[PDB]
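What follows is a short report on a single structure.
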Amino acid sequence: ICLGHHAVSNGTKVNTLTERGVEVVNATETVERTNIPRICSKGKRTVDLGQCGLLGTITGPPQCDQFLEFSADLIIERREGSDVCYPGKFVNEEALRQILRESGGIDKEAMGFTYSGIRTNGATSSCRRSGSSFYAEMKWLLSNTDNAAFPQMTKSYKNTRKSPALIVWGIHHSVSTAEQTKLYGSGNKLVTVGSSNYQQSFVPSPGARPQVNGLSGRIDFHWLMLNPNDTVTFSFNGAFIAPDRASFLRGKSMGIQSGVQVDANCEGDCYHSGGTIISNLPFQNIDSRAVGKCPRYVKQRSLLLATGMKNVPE
Amino acid sequence: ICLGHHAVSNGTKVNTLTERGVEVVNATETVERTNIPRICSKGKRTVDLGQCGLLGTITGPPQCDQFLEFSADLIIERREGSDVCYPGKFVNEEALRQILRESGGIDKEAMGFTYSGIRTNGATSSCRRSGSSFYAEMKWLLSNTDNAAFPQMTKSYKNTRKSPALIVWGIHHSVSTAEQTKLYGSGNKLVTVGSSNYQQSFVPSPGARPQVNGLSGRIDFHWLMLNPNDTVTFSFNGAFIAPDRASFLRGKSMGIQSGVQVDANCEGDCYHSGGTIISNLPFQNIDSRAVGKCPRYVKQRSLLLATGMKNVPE
Amino acid sequence: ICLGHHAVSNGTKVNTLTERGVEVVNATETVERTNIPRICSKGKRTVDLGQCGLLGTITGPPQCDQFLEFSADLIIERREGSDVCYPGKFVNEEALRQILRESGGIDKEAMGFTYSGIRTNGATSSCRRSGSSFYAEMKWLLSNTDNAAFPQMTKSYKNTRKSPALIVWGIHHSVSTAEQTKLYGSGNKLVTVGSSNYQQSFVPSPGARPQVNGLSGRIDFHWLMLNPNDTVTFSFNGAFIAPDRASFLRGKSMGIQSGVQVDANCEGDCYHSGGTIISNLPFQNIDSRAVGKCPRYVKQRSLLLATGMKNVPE
Amino acid sequence: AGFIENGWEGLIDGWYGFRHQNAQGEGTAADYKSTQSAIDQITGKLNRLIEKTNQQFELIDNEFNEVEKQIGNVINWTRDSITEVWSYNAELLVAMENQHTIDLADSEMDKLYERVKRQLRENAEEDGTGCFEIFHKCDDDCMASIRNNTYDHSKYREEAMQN
Amino acid sequence: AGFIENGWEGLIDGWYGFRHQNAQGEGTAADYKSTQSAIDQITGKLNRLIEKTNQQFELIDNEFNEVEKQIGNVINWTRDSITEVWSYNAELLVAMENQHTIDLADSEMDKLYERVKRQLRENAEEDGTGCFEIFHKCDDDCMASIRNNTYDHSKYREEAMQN
Amino acid sequence: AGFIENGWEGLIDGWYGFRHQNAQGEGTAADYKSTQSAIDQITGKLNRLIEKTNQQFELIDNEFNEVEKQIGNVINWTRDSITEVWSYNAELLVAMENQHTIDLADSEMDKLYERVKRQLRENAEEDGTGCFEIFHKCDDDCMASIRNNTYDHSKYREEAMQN
Ligand SMILES: *[C@@H]1O[C@H](CO)[C@@H](O)[C@H](O)[C@H]1NC(C)=O
Ligand SMILES: *[C@@H]1O[C@H](CO)[C@@H](O)[C@H](O)[C@H]1NC(C)=O
Ligand SMILES: *[C@@H]1O[C@H](CO)[C@@H](O)[C@H](O)[C@H]1NC(C)=O
Ligand SMILES: *[C@@H]1O[C@H](CO)[C@@H](O)[C@H](O)[C@H]1NC(C)=O
Ligand SMILES: *[C@@H]1O[C@H](CO)[C@@H](O)[C@H](O)[C@H]1NC(C)=O
Ligand SMILES: *[C@@H]1O[C@H](CO)[C@@H](O)[C@H](O)[C@H]1NC(C)=O
Ligand SMILES: *[C@@H]1O[C@H](CO)[C@@H](O)[C@H](O)[C@H]1NC(C)=O
Ligand SMILES: *[C@@H]1O[C@H](CO)[C@@H](O)[C@H](O)[C@H]1NC(C)=O
Ligand SMILES: *[C@@H]1O[C@H](CO)[C@@H](O)[C@H](O)[C@H]1NC(C)=O
C-alpha cells in the first residue's frame, strides 16, 4: 500500500522566501487590475457638477444655478466645470474645495444685509442669464451715480446657528485705476474683515489683465468660517463684492474627480478618475491616487498567492 | 507509559495565520487601553501655562507676567490660555508655537532701543495690571502729541549671541482711519523689516472689527529669527508696536495640550489631552495624536498574543 | 555509522524571533554603513553650480553667467552658491528650487519686450562684470531722466511653445521713499501680473535695510508658470525689474546638495551631502535624507542576517 | 514532497490518498479528512488575506488644477513613501504565506504517512520511497479497514512476524 | 497535539509530562527541561515584542486652535496612512507569532515523544495514540530511570524481545 | 541540532556528512546534495533580500537654507514616522529570516537522518544520539553504497537479524 499526494500537468509558478518560480497546484491573484470604467453610485445621493465648478456653488454663476443648495453623499467634479463666470479666482481655493467635498451638501441662508447711499445691481455680459446678470449669491456694490464717491461702510453678521458658517466676499480689480474711479471713486480703497479667528486686511490692485471672456477685470474671492455665535465684520469703501447668503455644511460626503459616466447599477466605495475599483483583494495596481475605501496601492502588477500544494508531476 | 501535554478548562481564543478563535492555554494583551487621567510629570521641569498663552510668553500680557523667562522640559498648554490681552493675532502662529514647545524655555534680553521725538507709553484698559498697562515685552509707539505726525524711523538690532534670536513686533489697526491719524498722523504708513533671511514689507489696514474685550482695534504680531551676528532693521512711520526685549531658546523640551491635572507621583513619556499612557506594550488604541515616546497607534482595540500552547481539553 | 553537521570554533551571533545572541556559522550584514566621500557621477551629465545659485540661473548674476542654459541629469548645489548679486530674495524660492532640480536644465528664449519713454540700463556695483552691470536675464526699468514720472505700462507675453514657461520679474525696494521718487517718481506704484492660473497684485515697500554688499536696497523676485498658448500680462508704473528672457524646462534630472568632490570613476544612484551610497543592501544607516535610488534608512546600525546553520561546537 | 518521488496526476478525487496493489486488484482512494484539513487551512488564509478596509481616504491632490508645487511635492513624497511600504509588505506577505503553505502541505503529508506507519506496528515495514511492505496479503476489506483507521494491529501480527 | 487525542487537565505541575501505569501504581510527573525550553522560547518572544521606543514625536496639530485646513488635511491624511500601516503590521505580527507559537509547542511535544521512542529501542512498541507498549513490567525505579534518561536500552532487551 | 549533541568542527568539506568507524578504518565524507540544498535555499534568501529599488525620491528639505518651520516640522514628522516603519520592518524581517534559516537547517539534518534510517530497514537499529548500530560489520564498499543510496536493504537482512 502506497500513499501520496495529487498533482497536475500544468501548475502555477509563485514566489516564496526561498525560490522564484515554484510550480504549485493552484494559486489566486492578490493585486487587483480590473477596473470598471464608470462611477458606481448605486445607493448613494450623487451630484454630478458637470459644467458647474465646486466653488461656484457658493458664489453662484449661471452654470451653478441648480447647485446652490445641493445635497449628496458623493460629489463628482468634471473637467469642464468652472467656478466663475466673470474672470476671477479663489484665495485658498483647494482648502475650500476639500471642505466642500466632505460637506454633504450646502444650505444657504440670507445674511440680511441692507444698504443706504450706494448702488447694488452691478452686472456683466459674461454672467449671462436672461440678459446681463451676476453671481446669484453675491452683490456687486458700486457708487450710486456713474462716478461720485463711496462712503466708508461697516456691515456685521452674527452666526446664529450651531454650525460654522461659510462667508465668501469679493474684491474687484478693474482694467485700470480710471475704471476704479468710475465704479467706486478716487482714493485708496481698503477692505477689512475681522472676527474671532480672522484678521485681514484687503486693498485692491487695478490693472490690465489678459482678456478672459472678453474681460480684463478680475475678482478675488475670499472666505472665512464663522464659529457659532461668533460675529464677522466688514469695513469697506469700494471694490467690494458683498455676500448675500451664507453657506452651512449639511453633513458628510466624499468628493472625487472623474471623466467617466455615472452608473447606478454597480456599487463601489473606491473611486478614481478612470472609474470604480470593485474588488475584495488587499492590493491594487490601478491608481495610486484612488480615494474612498480602497485596497492599498502597490507597484507590482501581480503577486500570486499559493492556494495549493507543491506540484511535482511525473 | 503515556506522555502528553497540559490543558485547562477555560482557555483564551486568539487569531493566527490560519484560523480565527484558536483556544490556547495562556495569552497576553498587546494593545494598550488603560489610560492614566493625569499628566505624569515625575522628574521633569514642568510649566503649566494655565491662563497664559504660549505665544504670550514672548509678548507678555498680564496673564503671562510670570512666564516671561520660564524654563522647562515639559510645556503644557491649557484651553483657558490666551496669547493676547489687547485683541490681536499672530502671523505664522502655529510655527512659532511648535518652535516654543521644544525650546526648553526662553531667555529675554534688552534689545537696547531708545527713541527721540515720539511717545512710548501707549496703554489700554484690557491689558490690566495696577491700572491701564500694555504688553510687558512690547512698547506702543505713538506720536508725541495727541495728533501731529510720525517721523520716519530706522532702528537696528544685532544678535551678539551664538543662538538665533526671536524678534516679535506688532502692527496696529485702529477702529478707523481717523483714529490712525489721531495716534500716528495722516498719510500712508509703511513698516519694513529686513535682515539676511527676511524681507518685508508692512502696511496697516484700519477699520472696524467686532468688539473683543470692548475694543474694535487689532494688533498683528509678526516674528523673525535672527542668526548669530546677523542684523535686523526696522523702518517704520506709525502703527508700530516696537519690541523691547528679544527671546533666546534655552535648550530642549516637549509641548503638549491637555486638560487634566499634573501629577508628580507617576512618570511617563507618552502624553495626550486625556492624560498619560504608561505601558510597555508595542501598540495602543487610546489616542492617535499622542506625542512623546508612545506605542504606535492601531485601530484594533485588542490583539491577543498567544503565550501558551494549544488548549485541547477532554 | 554516525551522521551529523558541521561547526566552527568562532561563529557569529544573530537575533531571531526567540533569542538574542544565537551563534550561527555564517552571517552577512544587511544595514549599509560604508560611505564613499565623493559624488559618483560616472555616466551622467553633471553640473556643479559652485558659486552660482540654482535660482540665479534664471535671473543671471555674474556668478551664473556660465549657467544660463545648462543641461544635466544631476544638479549639485554648493554652500558657497548665491542666487543674487544685488541683495534680494525669491518668493516661493524652495518650490522653484525643487522645480529646477528635476528640470533637466533650462532653455532661455527672448520674450520680445520693447519700451518707449523709459530708461532700461539700470546697473549696480555689486553685479560686477567689466564694470557695473546687472542681472543678465533681467532689465532694470527706470524713468528716462534722473527724476520725472513713470508712465503706466502694460506689456504682454504669449507662450508659443508646447511646454510651460518660467516667468520671473522683480519689484524694487529702495533705501527710502525719496530714492523711489528719484528712480520712478512720486505716487503709489502698483504692479499687476495676470494670466489663466495667476492673479496678483504687487506694490513696493521702500525703506532702510541692513547693508548687504554695501547696499540697503532689496529686490523681490517673483515667478509664475505660463501654460502653452496662455498669455501673461504685466501692468506696472515703477519699481519693476522686467524679464528679458523666459525659461523652459529641458527634460528630467535630479538635484542634490553636497560638499564633497565630483568623481567620474564611481557610479551611484544614492546621494547625500557627505557623498554617495553604493550598496546592494536593502537598508542603510548613513543619512535619513539621502535622495535618489537608496536603501531605506533605518535607525539600527547593524542587523546581521544568518547565512549558515546553528553553530554547536564541542 | 521529498522522498515521495512524485505526485499522482490521476488522483482527481482529493489532495492526499492511497494506491494499494494486492492480489485481488488495484485501488486509489482519496483521504477526505487530511485533504479537508489542508483545504480548511488554505481557506482560512484566504479568509484572512481577502479583506475589506473600513478606512476612507479623502482626495488630497487635484487632477484638474494643480496645487502649490511645494505642498504637491510633499504630498507626492509621502504617497511614494507609503507606496514603497505597501509594496514591500505585499511582496513579503505573499512570499511568506506561500512558504508556510508549501511547508504546511508537506507537513500534512508527512503526518499522514506517520499515521499509517503507527497503524502498522510490526505487521509491515517501511520501504523507503513512501510505501509500506506488508508481509501478509491484505485483502480489499483489510485495505478498507486501513483507510478508515480500523485495522487491528494484533490480529494480523504473528502471520506477518513469521514472514 | 494531533494524535495525542487530548491534554491532561490534571497536569498542573508543568507543560509536558508522563503518566505511567504499571503493576506497582500510578504516576504523573512533569518534564522540566522541555517545559522550560518552551517557556524560555515564549519568554523570549515576549522580551522581543514588549519593547520601548526611544523615538520622540512632537505635536504637529493643535486641538485648541485648528491649523490651516489644507495642511490639516495633509496631516490627517499622513496620520491615517501611518495608522493603516501600523494596524496591518500589528495584526500580521500577532497572527504570525501565534502560529509559530502553536507550531513550536507541537514541535517540542513531538521531539519529546521521539526522544522517549529512541530511548526504547526494541524493548517497547508504539501504540499509535502517543503511548508506548512495554513488553516487560517496568517498575517505578525503571520509570524514574526512563524519566531522567538513564534507562538501559540493552539490559532489558532479551526479556521484552521474547514477549 | 538537538539530539545530535554537537557539530564536527573537523568537517571542512561540507555542511552535512557521515563519520563511519568499522573494522577496516575511519571515515568522514560530506553529503553534497543536502549541503547543496541548504546552500541553495540560503542563497535564494540572499537573492531575495539583496535587492535594488527603482523608486527615486527627490529632495524635499534644504540643508543650506532652512524651509518654512511648519512645513519643515511636517516633513520631519513624516520622515520620522517612515523611519520607524522601516526600522520595525528591518528588525522583524531579519529576526524571522534567521528563525526560518535555523529551523530550515535543522529540518534538512532531520530529513537526512530519516533518509538513512529508511535505507536501513531491519539491518540496523537507532542508538538515540544520532547514530545507527549495524549488527554486521559493514565494510568500506558497503559504506560507500550507503552514502550514494545504493545499499541493498535485503541482501544483508538475515545476517543482521540473527544478531
Ligand atoms: C483554485 O483557486 C481559486 C481561487 O480563486 C478557487 O476559486 C478555486 O476553487 C480553486 N480550485 C480548487 C480545485 O481548489
Ligand atoms: C449662542 O447665543 C445664544 C443667545 O446669545 C445662547 O442662547 C446660546 O446658548 C449660545 N450658544 C453657544 C454655543 O454659545
Ligand atoms: C500567562 O501570561 C501572563 C501574561 O501577562 C503572565 O503574566 C503569566 O505568568 C502567564 N501564566 C503562566 C502560568 O505562564
Ligand atoms: C561674531 O562676531 C564677533 C565680532 O564681530 C566675532 O568675534 C565672532 O567670531 C563672530 N562669530 C560668528 C559665528 O560669526
Ligand atoms: C559567508 O557569508 C558571506 C556573505 O557575504 C559570503 O560571501 C561567504 O561566501 C559565506 N561563506 C560560506 C563558507 O558560505
Ligand atoms: C496653440 O495655438 C496655436 C495657434 O493659435 C494652435 O495652432 C495650436 O493648436 C494651439 N495648441 C494648443 C495646445 O492649444
Ligand atoms: C505629483 O505626481 C502627479 C502624478 O502622480 C503629477 O501629475 C504631479 O505634477 C506631481 N506633483 C508635482 C508638484 O509635480
Ligand atoms: C483632522 O482630524 C481631527 C480629529 O482627529 C479633526 O479634529 C480635524 O478637524 C481634522 N482636520 C481637518 C482639517 O478637518
Ligand atoms: C528637521 O531635522 C533636521 C535634521 O534632520 C533639522 O536640521 C531641521 O531643523 C528639522 N526641522 C525643523 C523645522 O526644525
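We label chains A, B, ... in the order they appear in the C-alpha cells, count residues from 1 in each chain, and number ligands from 1 in the order shown.
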
Query raised in the report: Mind listing as a list in words which residues of chain A are within 7 Å of chain C, counting only C-alpha atoms?
Result: residues 205, 207, 208, 209 and 210 of chain A

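Within region 164-238 of chain C, the backbone-based DSSP assignment of strand (DSSP E) covers residues 165, 166, 167, 168, 169, 170, 171, 172, 173, 192, 193, 194, 218, 219, 220, 221, 222, 223, 224, 225, 226, 231, 232, 233, 234, 235 and 236 of chain C.
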
Store the residues of this selection in a file with N, CA, C and O atoms, as a compact mmCIF listing (two decimals), in the first residue's frame.
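What follows is the written file again09.txt:
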```txt
# COMPACT_ATOMS: atom_id res chain seq x y z
N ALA C 165 6.23 77.87 -19.51
CA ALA C 165 7.31 78.84 -19.46
C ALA C 165 7.47 79.37 -18.04
O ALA C 165 6.49 79.56 -17.32
N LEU C 166 8.72 79.60 -17.64
CA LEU C 166 9.03 80.16 -16.33
C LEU C 166 9.25 81.66 -16.48
O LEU C 166 10.21 82.09 -17.13
N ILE C 167 8.36 82.45 -15.89
CA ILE C 167 8.42 83.91 -15.96
C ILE C 167 8.82 84.43 -14.58
O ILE C 167 8.17 84.10 -13.58
N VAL C 168 9.88 85.23 -14.54
CA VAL C 168 10.41 85.78 -13.30
C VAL C 168 10.58 87.29 -13.48
O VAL C 168 11.26 87.73 -14.40
N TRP C 169 9.96 88.06 -12.59
CA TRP C 169 10.11 89.51 -12.58
C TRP C 169 10.53 89.96 -11.19
O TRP C 169 10.57 89.16 -10.24
N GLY C 170 10.84 91.24 -11.06
CA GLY C 170 11.32 91.76 -9.80
C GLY C 170 10.76 93.11 -9.40
O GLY C 170 10.71 94.04 -10.22
N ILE C 171 10.33 93.24 -8.15
CA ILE C 171 9.91 94.51 -7.57
C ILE C 171 11.09 95.10 -6.82
O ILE C 171 11.81 94.38 -6.11
N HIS C 172 11.30 96.40 -6.97
CA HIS C 172 12.42 97.07 -6.32
C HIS C 172 11.96 97.74 -5.03
O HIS C 172 10.84 98.25 -4.94
N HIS C 173 12.85 97.74 -4.04
CA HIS C 173 12.61 98.38 -2.75
C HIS C 173 13.85 99.20 -2.42
O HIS C 173 14.86 98.66 -1.96
N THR C 192 0.94 94.61 -11.53
CA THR C 192 -0.11 93.62 -11.70
C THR C 192 0.31 92.59 -12.73
O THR C 192 0.56 92.93 -13.89
N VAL C 193 0.40 91.33 -12.30
CA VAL C 193 0.63 90.19 -13.17
C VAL C 193 -0.63 89.34 -13.19
O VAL C 193 -1.17 88.98 -12.13
N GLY C 194 -1.10 89.03 -14.39
CA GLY C 194 -2.30 88.22 -14.55
C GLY C 194 -2.16 87.26 -15.72
O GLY C 194 -1.47 87.55 -16.71
N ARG C 218 16.61 96.35 -1.70
CA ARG C 218 16.26 94.95 -1.89
C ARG C 218 15.47 94.79 -3.19
O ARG C 218 14.92 95.75 -3.73
N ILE C 219 15.43 93.55 -3.68
CA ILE C 219 14.70 93.21 -4.90
C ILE C 219 13.94 91.92 -4.65
O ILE C 219 14.55 90.87 -4.40
N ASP C 220 12.61 91.98 -4.71
CA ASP C 220 11.77 90.80 -4.59
C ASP C 220 11.63 90.14 -5.95
O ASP C 220 11.19 90.78 -6.92
N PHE C 221 12.00 88.87 -6.03
CA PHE C 221 11.88 88.09 -7.26
C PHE C 221 10.64 87.21 -7.17
O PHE C 221 10.50 86.42 -6.23
N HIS C 222 9.75 87.35 -8.15
CA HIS C 222 8.53 86.55 -8.23
C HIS C 222 8.51 85.79 -9.55
O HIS C 222 9.19 86.16 -10.52
N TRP C 223 7.71 84.73 -9.60
CA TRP C 223 7.70 83.84 -10.75
C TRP C 223 6.35 83.16 -10.89
O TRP C 223 5.72 82.81 -9.88
N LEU C 224 5.92 82.97 -12.13
CA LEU C 224 4.76 82.15 -12.45
C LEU C 224 5.12 81.26 -13.64
O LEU C 224 6.13 81.46 -14.32
N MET C 225 4.27 80.26 -13.89
CA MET C 225 4.49 79.29 -14.95
C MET C 225 3.35 79.39 -15.96
O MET C 225 2.23 78.95 -15.67
N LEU C 226 3.63 79.96 -17.12
CA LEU C 226 2.64 80.04 -18.18
C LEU C 226 2.41 78.67 -18.82
O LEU C 226 3.36 77.92 -19.08
N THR C 231 -1.46 83.40 -22.00
CA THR C 231 -0.85 84.72 -22.09
C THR C 231 -0.76 85.35 -20.70
O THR C 231 -1.72 85.30 -19.92
N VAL C 232 0.39 85.93 -20.39
CA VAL C 232 0.60 86.65 -19.14
C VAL C 232 0.72 88.14 -19.45
O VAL C 232 1.16 88.53 -20.54
N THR C 233 0.29 88.96 -18.50
CA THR C 233 0.26 90.40 -18.70
C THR C 233 0.74 91.12 -17.45
O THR C 233 0.37 90.74 -16.33
N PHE C 234 1.56 92.15 -17.66
CA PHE C 234 2.11 92.99 -16.60
C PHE C 234 1.62 94.42 -16.80
O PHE C 234 1.68 94.95 -17.91
N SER C 235 1.14 95.03 -15.72
CA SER C 235 0.75 96.44 -15.69
C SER C 235 1.51 97.08 -14.53
O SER C 235 1.18 96.85 -13.36
N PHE C 236 2.52 97.88 -14.86
CA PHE C 236 3.45 98.40 -13.86
C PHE C 236 3.63 99.90 -14.06
O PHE C 236 3.44 100.44 -15.15
```

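The gap separating CA of residue 100 (chain C) from CA of residue 36 (chain C) is 26.2 Å, in Å to one decimal.
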
Report task. Tell me, as a ChimeraX atom specification, which residues lie within 9 Å of residue 162 (chain C), counting only C-alpha atoms; anything in the same chain fewer than 5 positions away does not count. Result -> /C:227-229

Neighbouring residues of region 102-112 of chain D were defined as those with any atom within 10 Å, considering only C-alpha atoms; residues of the same chain fewer than 6 positions away were excluded. Please report them as a PDB file with N, CA and C atoms, in the first residue's frame.
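Output (out-v6.pdb):
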```
ATOM      1  N   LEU A   3       0.956   5.496  -0.322  1.00  0.00           N
ATOM      2  CA  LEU A   3       0.176   6.710  -0.143  1.00  0.00           C
ATOM      3  C   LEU A   3       0.971   7.906  -0.647  1.00  0.00           C
ATOM      4  N   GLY A   4       0.258   8.908  -1.138  1.00  0.00           N
ATOM      5  CA  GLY A   4       0.905  10.083  -1.669  1.00  0.00           C
ATOM      6  C   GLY A   4      -0.039  11.258  -1.758  1.00  0.00           C
ATOM      7  N   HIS A   5       0.269  12.160  -2.686  1.00  0.00           N
ATOM      8  CA  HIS A   5      -0.488  13.385  -2.881  1.00  0.00           C
ATOM      9  C   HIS A   5      -0.843  13.534  -4.353  1.00  0.00           C
ATOM     10  N   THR A  16       8.369  32.580  -3.267  1.00  0.00           N
ATOM     11  CA  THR A  16       8.408  32.329  -1.832  1.00  0.00           C
ATOM     12  C   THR A  16       9.585  33.048  -1.189  1.00  0.00           C
ATOM     13  N   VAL A  22       8.255  28.709  -8.107  1.00  0.00           N
ATOM     14  CA  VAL A  22       7.865  27.411  -7.567  1.00  0.00           C
ATOM     15  C   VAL A  22       6.503  27.038  -8.135  1.00  0.00           C
ATOM     16  N   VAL A  24       3.228  25.441  -8.111  1.00  0.00           N
ATOM     17  CA  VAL A  24       2.261  24.876  -7.182  1.00  0.00           C
ATOM     18  C   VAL A  24       1.015  24.458  -7.958  1.00  0.00           C
ATOM     19  N   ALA A 306      -0.222  31.310  -3.245  1.00  0.00           N
ATOM     20  CA  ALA A 306      -0.376  29.871  -3.408  1.00  0.00           C
ATOM     21  C   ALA A 306      -1.584  29.389  -2.614  1.00  0.00           C
ATOM     22  N   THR A 307      -2.521  28.733  -3.301  1.00  0.00           N
ATOM     23  CA  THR A 307      -3.671  28.119  -2.655  1.00  0.00           C
ATOM     24  C   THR A 307      -3.620  26.598  -2.668  1.00  0.00           C
ATOM     25  N   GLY A 308      -2.645  26.003  -3.355  1.00  0.00           N
ATOM     26  CA  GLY A 308      -2.480  24.569  -3.396  1.00  0.00           C
ATOM     27  C   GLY A 308      -1.096  24.149  -2.930  1.00  0.00           C
ATOM     28  N   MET A 309      -0.872  22.839  -2.976  1.00  0.00           N
ATOM     29  CA  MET A 309       0.395  22.268  -2.548  1.00  0.00           C
ATOM     30  C   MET A 309       1.438  22.401  -3.657  1.00  0.00           C
ATOM     31  N   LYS A 310       2.646  21.923  -3.372  1.00  0.00           N
ATOM     32  CA  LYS A 310       3.698  21.892  -4.377  1.00  0.00           C
ATOM     33  C   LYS A 310       3.344  20.878  -5.458  1.00  0.00           C
ATOM     34  N   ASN A 311       3.479  21.284  -6.718  1.00  0.00           N
ATOM     35  CA  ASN A 311       3.132  20.435  -7.852  1.00  0.00           C
ATOM     36  C   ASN A 311       4.385  19.712  -8.330  1.00  0.00           C
TER      37      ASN A 311
ATOM     38  N   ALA D   1       6.690  15.742   0.127  1.00  0.00           N
ATOM     39  CA  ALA D   1       7.023  16.009  -1.267  1.00  0.00           C
ATOM     40  C   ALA D   1       8.525  15.869  -1.506  1.00  0.00           C
ATOM     41  N   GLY D   2       9.186  15.096  -0.647  1.00  0.00           N
ATOM     42  CA  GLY D   2      10.613  14.873  -0.763  1.00  0.00           C
ATOM     43  C   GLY D   2      10.953  13.474  -1.227  1.00  0.00           C
ATOM     44  N   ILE D   4       8.812  11.222  -1.582  1.00  0.00           N
ATOM     45  CA  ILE D   4       7.727  10.620  -2.275  1.00  0.00           C
ATOM     46  C   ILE D   4       8.404  11.268  -3.421  1.00  0.00           C
ATOM     47  N   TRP D  15      -6.755  15.592  -2.433  1.00  0.00           N
ATOM     48  CA  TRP D  15      -5.360  16.016  -2.377  1.00  0.00           C
ATOM     49  C   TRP D  15      -4.443  14.854  -2.014  1.00  0.00           C
ATOM     50  N   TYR D  16      -4.739  14.163  -0.919  1.00  0.00           N
ATOM     51  CA  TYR D  16      -3.973  13.006  -0.485  1.00  0.00           C
ATOM     52  C   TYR D  16      -4.814  11.746  -0.636  1.00  0.00           C
ATOM     53  N   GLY D  17      -4.134  10.609  -0.723  1.00  0.00           N
ATOM     54  CA  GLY D  17      -4.840   9.350  -0.879  1.00  0.00           C
ATOM     55  C   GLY D  17      -3.873   8.188  -0.925  1.00  0.00           C
ATOM     56  N   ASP D  31      -8.050  10.472   0.714  1.00  0.00           N
ATOM     57  CA  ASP D  31      -8.314  10.632   2.138  1.00  0.00           C
ATOM     58  C   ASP D  31      -9.015  11.967   2.361  1.00  0.00           C
ATOM     59  N   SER D  34      -7.677  14.531   5.832  1.00  0.00           N
ATOM     60  CA  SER D  34      -6.445  15.300   5.665  1.00  0.00           C
ATOM     61  C   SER D  34      -6.598  16.349   4.569  1.00  0.00           C
ATOM     62  N   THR D  35      -7.147  15.947   3.419  1.00  0.00           N
ATOM     63  CA  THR D  35      -7.424  16.900   2.349  1.00  0.00           C
ATOM     64  C   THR D  35      -8.318  18.031   2.840  1.00  0.00           C
ATOM     65  N   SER D  37      -8.485  19.017   5.876  1.00  0.00           N
ATOM     66  CA  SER D  37      -7.704  19.804   6.824  1.00  0.00           C
ATOM     67  C   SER D  37      -6.872  20.856   6.102  1.00  0.00           C
ATOM     68  N   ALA D  38      -6.102  20.435   5.094  1.00  0.00           N
ATOM     69  CA  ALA D  38      -5.295  21.389   4.339  1.00  0.00           C
ATOM     70  C   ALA D  38      -6.173  22.401   3.611  1.00  0.00           C
ATOM     71  N   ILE D  39      -7.283  21.937   3.030  1.00  0.00           N
ATOM     72  CA  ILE D  39      -8.215  22.840   2.358  1.00  0.00           C
ATOM     73  C   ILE D  39      -8.789  23.846   3.347  1.00  0.00           C
ATOM     74  N   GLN D  41      -7.272  24.946   6.046  1.00  0.00           N
ATOM     75  CA  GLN D  41      -6.224  25.889   6.423  1.00  0.00           C
ATOM     76  C   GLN D  41      -5.988  26.926   5.329  1.00  0.00           C
ATOM     77  N   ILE D  42      -5.875  26.479   4.074  1.00  0.00           N
ATOM     78  CA  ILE D  42      -5.715  27.419   2.966  1.00  0.00           C
ATOM     79  C   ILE D  42      -6.927  28.339   2.872  1.00  0.00           C
ATOM     80  N   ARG D 118       2.119   4.240  12.184  1.00  0.00           N
ATOM     81  CA  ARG D 118       1.772   3.848  13.544  1.00  0.00           C
ATOM     82  C   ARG D 118       0.605   2.873  13.583  1.00  0.00           C
ATOM     83  N   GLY D 130       8.144   5.966   0.482  1.00  0.00           N
ATOM     84  CA  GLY D 130       6.783   6.323   0.822  1.00  0.00           C
ATOM     85  C   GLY D 130       5.781   5.195   0.760  1.00  0.00           C
TER      86      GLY D 130
ATOM     87  N   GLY E   2      -1.878  16.402  17.852  1.00  0.00           N
ATOM     88  CA  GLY E   2      -2.651  15.780  16.795  1.00  0.00           C
ATOM     89  C   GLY E   2      -3.146  14.399  17.166  1.00  0.00           C
ATOM     90  N   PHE E   3      -2.265  13.401  17.096  1.00  0.00           N
ATOM     91  CA  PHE E   3      -2.621  12.057  17.538  1.00  0.00           C
ATOM     92  C   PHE E   3      -2.647  11.921  19.055  1.00  0.00           C
TER      93      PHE E   3
END
```

Requested in this report: Write out as a PyMOL selection string every residue belonging to chain D that has an atom at most 8 Å from any atom of chain A, counting only C-alpha atoms.
Outcome: chain D and resi 1+4+6-12+14-22+42+49-60+62-64+67+79+83-84+86-87+90-92+94-99+101-102+105-106+109+113+130-134

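Relative to CA of residue 286 (chain B), atom 2 (O, counted along the ligand's line) of ligand 9 is found at 27.8 Å.
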
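On the backbone of this structure, DSSP gives alpha helix (DSSP H) within region 155-240 of chain C to residues 177, 178, 179, 180, 181, 182 and 183 of chain C.
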
Would you mind exporting N, CA, C and O atoms of the selected residues as a tab-separated table (two decimals), in the first residue's frame?
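Okay, this is what ended up in result-v4.tsv:
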```tsv
chain	number	residue	atom	x	y	z
C	177	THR	N	11.84	106.36	0.49
C	177	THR	CA	10.84	106.81	-0.47
C	177	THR	C	11.39	107.90	-1.37
C	177	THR	O	10.93	108.06	-2.51
C	178	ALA	N	12.38	108.66	-0.89
C	178	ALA	CA	13.00	109.69	-1.71
C	178	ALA	C	13.76	109.08	-2.89
C	178	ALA	O	13.69	109.59	-4.01
C	179	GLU	N	14.48	107.99	-2.64
C	179	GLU	CA	15.16	107.30	-3.73
C	179	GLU	C	14.16	106.66	-4.69
C	179	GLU	O	14.42	106.57	-5.90
C	180	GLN	N	13.01	106.22	-4.18
C	180	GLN	CA	11.95	105.71	-5.06
C	180	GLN	C	11.40	106.82	-5.95
C	180	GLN	O	11.12	106.58	-7.13
C	181	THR	N	11.24	108.03	-5.41
C	181	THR	CA	10.85	109.16	-6.24
C	181	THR	C	11.96	109.53	-7.22
C	181	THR	O	11.67	110.04	-8.31
C	182	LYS	N	13.22	109.29	-6.86
C	182	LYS	CA	14.32	109.58	-7.77
C	182	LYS	C	14.33	108.61	-8.94
C	182	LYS	O	14.58	109.01	-10.09
C	183	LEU	N	14.05	107.33	-8.69
C	183	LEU	CA	14.14	106.33	-9.75
C	183	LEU	C	12.87	106.28	-10.59
C	183	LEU	O	12.95	106.25	-11.83
```

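CA of residue 32 (chain C) sits 11.9 Å away from CA of residue 276 (chain C).
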
Query raised in the report: Given the choices E:29, E:23, E:93, E:46, which gets closest to chain F if the distance is worked out from only C-alpha atoms?
Result: E:93

Query - Surroundings of ligand 7 up to 6 Å, based on only C-alpha atoms and all ligand atoms, as a ChimeraX atom specification - result: /D:69,72-73,76

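The residue that comes closest to chain D, out of F:5, F:126, F:152, F:141 and on the basis of only C-alpha atoms, is F:152.
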